[PDB]
């Protein structure tokens, strides 16, 4: 049920998503090991993901959370990077997309920094880099990230490094 619509570079929505992508690049403490060395991206394409069933599944849960939390979903737009982004856009998030070894337990992880999600595009820790050149810093090969809508509700604040 999923379709992908190309946004024109002239479109304000392309421009605001490119800006959140470009503006939330940071340096990482691994010096680029996991995601590569770069300060900016060459954005080749931005596509809107539309799937009716997955959207309704999201809004249902969003209402349950909201009603348990004085009518506040606490919704955010956050990045997600993975070798399975082509499965996620078709079947949605589920326990197969969970980071069993993550710092906050077995769940599904999202980032405010685009460059944090870029570290997971070729796998946990960047895996072995691009399929074609085996390069975690490949400048030739095309990469893909998801920019996602996420419901936090009453969030348990974990302080951490």
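Definition used throughout: the rigid core is the maximal C-alpha set that superposes within 1.5 Å between two forms. Residue numbers count along the first chain shown, from 1.
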Give, as the answer, the stretch of 96-104 and 47-55 that departs more from the shown form in 9 other deposited structures of this protein; the measure is RMS Cα distance after a core fit. 96-104
Comparing mean C-alpha B factor in the record for 55-63 and 89-97, the higher one is 89-97
Between the two ranges 134-142 and 149-157, the one averaging a larger CA B factor in the entry: 134-142
Residue, from 121, 37, 50, 108, that the PDB entry assigns the highest Cα B-factor: 50
Classify residue 113 as lowest, middle or highest third according to the C-alpha B-factor given in the PDB entry, relative to its own chain. lowest
